[PDB]
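Worksheet: one structure, shown below.
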Amino acid sequence: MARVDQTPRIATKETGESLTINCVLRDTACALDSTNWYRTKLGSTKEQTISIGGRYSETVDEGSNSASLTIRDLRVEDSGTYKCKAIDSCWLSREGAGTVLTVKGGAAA
Amino acid sequence: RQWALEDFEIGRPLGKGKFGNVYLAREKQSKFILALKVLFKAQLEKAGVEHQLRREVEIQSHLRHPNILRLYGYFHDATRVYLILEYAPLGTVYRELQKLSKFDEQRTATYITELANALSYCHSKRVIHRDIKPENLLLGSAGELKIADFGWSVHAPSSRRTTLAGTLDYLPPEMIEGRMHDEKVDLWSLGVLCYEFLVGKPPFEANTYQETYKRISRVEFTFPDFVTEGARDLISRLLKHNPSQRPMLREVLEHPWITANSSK
Ligand SMILES: Nc1ncnc2c1ncn2[C@@H]1O[C@H](COP(=O)(O)OP(=O)(O)O)[C@@H](O)[C@H]1O
């Protein structure tokens, strides 16, 4: 009954704002210590790795079996679906159900 | 995990690795031939690299390119981890270099093209590869090379200090001197491999650790007389101490020596 809980499932933000996505592996002693982040931009078919650095940062909380991704200074280009994916300490594949991010406004302009 | 050992018939060993063996195998239902890499958990844990492997296997699972070895899946039992891999029937580039001593310009330029194509694809997926060694380049049925080392990174830049490899010979100066590194390591690797393919040994090879460290840090290398002007130009453009001065992958693929000699 292990599950990865990814939040928020849906996010609408304005340009310049920040988004934190959280993923928690619940209901299991298996450890989520190895999380990678992926994005498919809106309108695209290509999944990409979220490379850490610049506007993108990430944390791990080993004690709570969680991992987070923060994107700061959001841009319209950032619109898309985001997922955490990992192989946990039990060698089992884990993935969040995803965050559908829409960045609308507030100035293009 | 849904694949299991009973799904496979095992054949001859393909070779021995640090943490177990690799076997030829076929999946029983489809009779599809593949390679099964077996790793002992206790050995991975002993060396303390199991966590890193789980990160790398996850990354590898997304990479689909003719010049990148395909990972089809994985599974485990109480003592072992099993990686289901593309079978590369023509062995390693390392072994090919042992047999041929040196490669001609066509084979070299074609291999460099394949690597640059693979690395270009990697950039499009935003994954970074670290150093590339000939023993981790396998050959497909049509003689095309496949990057086989799972050596991927998702931090740009990175301050990481793996791998305690064999020698320093394939590491860029920023990695041995302890500075940050990113995608520009790619181009150093292409320069080292281009040289090694043409000459038969990598450009900074020496009898001692000390001398190799110094030659890499100083970018101290020379060419045998038979190396042509175009090859010298490409290699010298690639082996820059300052990573920011190394070319873009497109510039490698468009280099006159590459376009003149590559079959691809
Ligand atoms: N997918 C493959 N297809 C064909 N041969 C392989 C494959 N993977 C490994 N081998 C052979 O098995 C040997 C074990 O190598 P490898 O698995 O790379 O060990 P290590 O984990 O120590 O790097 C290699 O020398 C290579 O020749």
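What is reported rests on the model, the rules as stated and the sources as named; these are not laboratory values. Methodologically, a virtual Cβ is constructed for each residue, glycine included, from the backbone with ideal geometry; neighbour enumeration extends over all protein chains shown.
The residues listed here are B:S158, B:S124; of these, the one that is more than 27 Å from B:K41 (Cα to Cα), within 11 Å of chain A (Cβ to nearest Cβ) and without any contact (Cβ under 8 Å) to a residue 12 or more places away in the chain is B:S124. Meeting the requirement of 2 or more residues that are β-branched (V, I, T), the helices (runs of 4 or more DSSP H) wholly within region B:160-264 are B:185-199, B:209-218, B:256-261. Taking region B:125-162 as the range and being within 24 Å of B:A88 (Cα to Cα), more than 14 Å from the ligand (Cβ to nearest atom) and among the β-branched types (V, I, T) as the test, the residues that pass are B:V127, B:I128.
Checking the conditions here, which among B:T79, B:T92, B:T110 is more than 30 Å from A:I52 (Cβ to Cβ), surrounded by fewer than 17 Cβ atoms within 10 Å (Cβ to Cβ) and of a type in the set (S, T, Y)? B:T79 is the lone residue from the list that is more than 30 Å from A:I52 (Cβ to Cβ), surrounded by fewer than 17 Cβ atoms within 10 Å (Cβ to Cβ) and of a type in the set (S, T, Y). Give me the residue from region B:67-108 that is of a type in the set (S, T, Y) and near the ligand (Cβ under 9 Å from one of its atoms) and, out of that set, farthest from the other protein chains (Cβ to nearest Cβ). Out of the qualifying residues, it is B:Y94. Among the residues that make up region B:42-54, is at least one of them away from the ligand (no atom under 14 Å from the Cβ) and either under 22 Å from B:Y121 (Cβ atoms) or buried (at least 18 other Cβ atoms within 10 Å of the Cβ) (or both)? There is at least one residue in region B:42-54 that is away from the ligand (no atom under 14 Å from the Cβ) and either under 22 Å from B:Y121 (Cβ atoms) or buried (at least 18 other Cβ atoms within 10 Å of the Cβ) (or both).
The residues of region B:1-31 that are outside any strand (DSSP E or B), within 14 Å of the ligand (Cβ to nearest atom) and surrounded by 13 or more Cβ atoms within 10 Å (Cβ to Cβ), listed by number, are B:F19, B:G20. Here B:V81 meets each of (1) β-branched (V, I, T); (2) within 25 Å of B:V199 (Cα to Cα); (3) touching a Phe, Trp or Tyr at 6+ places or on another chain (Cβ under 7 Å) with one exception, condition (2). Can you tell me which residue in region B:109-121 is farthest from the other protein chains (Cβ to nearest Cβ), limited to those that are hydroxyl-bearing (S, T, Y) and touching a strand residue (DSSP E or B) at 6+ places or on another chain (Cβ under 8 Å)? The residue in question is B:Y111. Taking region B:32-41 as the range and being of a type outside the set (D, E, K, R) and either within 14 Å of another protein chain (Cβ to nearest Cβ) or within 13 Å of the ligand (Cβ to nearest atom) (or both) as the test, the residues that pass are B:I33, B:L34, B:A35, B:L36, B:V38, B:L39, B:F40. The condition (being closer than 27 Å to B:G143 by Cβ and outside the structural domain of B:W152 (by CATH)) is satisfied by just one residue among B:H76, B:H65, B:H51: B:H65.
Just so you know, in region A:29-60 the residues that are away from every other protein chain (no Cβ under 11 Å) and outside any loop (DSSP other than H, G, I, E, B) include one that is surrounded by the fewest Cβ atoms within 10 Å (Cβ to Cβ), and it is A:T59. Out of A:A86, A:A67, one residue alone is in a strand (DSSP E or B) and either of a type outside the set (A, V, I, L, M) or in contact with a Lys or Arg (Cβ under 9 Å, 6 or more places away or on another chain) (or both). It is A:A86.
Scoring A:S93 on the criteria (1) away from every other protein chain (no Cβ under 14 Å); (2) over 13 Å from the mean Cα position of the chain (by Cα) leaves a single failure, condition (1).
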